[PDB]
Amino acid sequence: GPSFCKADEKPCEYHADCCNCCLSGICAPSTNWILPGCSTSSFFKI
Numbered sequence: 008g009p010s011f012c013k014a015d016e017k018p019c020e021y022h023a024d025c026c027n028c029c030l031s032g033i034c035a036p037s038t039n040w041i042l043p044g045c046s047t048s049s050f051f052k053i
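So the number in this note's numbering is just where the residue sits in the sequence shown, counting from 1, plus 7.
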């Protein structure tokens, strides 16, 4: 099961479509520094 997902530049509706992040503006990689936007956390376990 290889990692499947969309690429940068092409944004998405939610945030996991891209291999990193995809806001309405555009899709972006996960290698960032002071740019906030993706804050996903599990409320519980599996």
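We put the CB at the ideal spot given by N, CA and C, even for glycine.
Drop a sphere of 10 angstroms on the beta-carbon of residue i, count the other beta-carbons inside from all chains shown, and report buried for 16 or more, exposed for fewer.
i: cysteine 12; result: exposed
Are the CB atoms of residue j and residue i within a distance shorter than 8 Å?
i: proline 18; j: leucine 30; result: yes
i: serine 10; j: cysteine 26; result: yes
i: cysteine 34; j: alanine 14; result: yes
Does the beta carbon of residue i sit closer than 8 Å to a beta carbon anywhere in chain B?
i: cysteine 29; result: The chain labelled as chain B is not found in the depicted structure, where only one protein chain is given.
Compute the Euclidean distance between the alpha carbons of residue i and residue j, then round it to the nearest angstrom.
i: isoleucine 53; j: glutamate 16; result: 31 Å
i: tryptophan 40; j: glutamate 20; result: 23 Å
i: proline 36; j: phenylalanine 51; result: 26 Å
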